[PDB]
Every structure is written in C-alpha cells, then in structure tokens.
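Protein chains in written order, with the deposited numbering: chain A, 351 to 399; chain C, 351 to 399.
Each residue gets a CB set at the ideal place from its N, CA and C atoms; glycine is no exception.
Protein chains: 2
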Amino acid sequence: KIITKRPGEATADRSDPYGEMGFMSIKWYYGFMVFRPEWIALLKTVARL
Amino acid sequence: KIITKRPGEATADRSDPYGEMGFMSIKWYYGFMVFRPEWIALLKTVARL
C-alpha cells in the first residue's frame with residue numbers, strides 16, 4: 351500500500367500554512383505458515399578450515 | 351453539523367504518514383428564552399406512598 355502526499359494545497363497543514371513539505375509511505379502485511387516441519391533440515395557448522 | 355474522516359489517505363499527514371486513525375464529530379447550537387415565567391408551574395414532592 352502506497353500513500354503519497356505531494357507539496358502544495360493537499361498539505362494545508364495549519365502548523366505550516368505554505369505546504370512546502372511532502373512525503374510518501376509504503377506499508378504491508380506478512381505472515382508465515384509451515385506444513386510438515388520435518389521436511390526442513392538445518393546444519394550449524396563453523397567456517398574457514 | 352457532522353464531520354467524518356475515515357482512515358487512509360485523507361487522514362495521513364506529517365505526524366502520521368500512514369494514516370491509520372479516523373474520527374467522527376457532531377456539533378450544534380442551542381438557545382432558550384422565556385416570556386411570562388408565571389405561566390410555568392412546579393410542584394415538588396416525595397414518591398412511593
């Protein structure tokens with residue numbers, strides 16, 4: 351999701367009556383599910399022999 | 351007078367770039383002015399005989 355506010359009339363912003371600032375933001379959701387966890391293998395080793 | 355702001359691009363500003371809050375407000379005016387206050391009668395008692 352992308353929200354863009356460009357400088358100008360769209361940012362009247364009483365605390366700044368000229369609207370010389372703008373911004374843009376991105377936002378999303380994420381989730382993870384696992385089926386059959388026994389099918390994933392991990393080996394933890396040291397490096398650099 | 352009813353003013354409603356829904357969360358999203360309308361609310362988003364410098365303080366909250368994502369605009370995740372909305373609100374709704376209602377306001378009005380009212381006055382009262384009386385002629386002949388002797389035509390209104392009041393009687394004050396107790397209850398539950």
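Nearest-angstrom Cβ-Cβ length linking residue i and residue j, presumed shorter than 8 Å
i	j	result
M371(A)	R364(C)	7 Å
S375(A)	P367(C)	4 Å
As assigned by DSSP and simplified to three states, the class of residue i
i	result
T354(C)	strand
Exposure label - residue i; buried when at least 16 CB within 10 Å
i	result
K355(A)	buried
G381(C)	exposed
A397(C)	exposed
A360(A)	exposed
Taking Cβ-Cβ distances below 7 Å as the criterion, which residues of the region 366 to 379 of chain A are in contact with chain C? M371, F373, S375 and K377
Of all the beta strand (DSSP E) runs that stay within the bounds of the region 356 to 389 of chain C, which reach a length of 3 or more residues? 373 to 376
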